[PDB]
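Okay, here we've got a single chain as structure tokens, the form deposited in one PDB entry, with questions on binding and movement later.
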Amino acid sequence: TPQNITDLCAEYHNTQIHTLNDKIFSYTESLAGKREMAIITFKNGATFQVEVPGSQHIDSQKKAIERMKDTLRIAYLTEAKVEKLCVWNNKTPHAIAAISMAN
């Protein structure tokens, strides 16, 4: 069980930590078919997706995907500092696996 986002990120292939230390600049969400996704940007231009859920996801996985989009929305609206994102960087835009907030 990892104790921090970096270690967690390290357990997957084709991941990377972005250290933003900045609030979210823009928040985009879509309910359109095959594109039920969220997209966030930062003032420096970095863009990240929360990928659409699939049939391959069990309920508790689907609740994590939804939770993440919830977290992103509420972080945006409270202007919470995003410390780090763990992303998958073999996708475009980079696909969020995890988030950390601090300060």
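When you see a residue number, it is the position in the sequence shown, counting from 1. Take the two forms, superpose them, and find the largest set of C-alpha atoms that agree within 1.5 Å; that set is the rigid core.
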Would you tell me which stretch averages the higher CA B-factor in the PDB entry, 48 to 56 or 61 to 69? 48 to 56
Temperature factor at the Cα of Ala32, chain-ranked in thirds, falls in the highest
Can you work out whether the C-alpha temperature factor of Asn4 puts it in the lowest, middle or highest third of the chain? lowest
Ranking the modelled residues of this chain by C-alpha B-factor as given in the entry, is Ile17 in the lowest, middle or highest third? middle
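The next section is about a form of this same protein that is not shown, the form deposited in another entry.
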Rigid-core superposed between this form and the one not shown, candidates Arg35, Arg67, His57, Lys43; the one over the 2 Å C-alpha cutoff or at it is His57
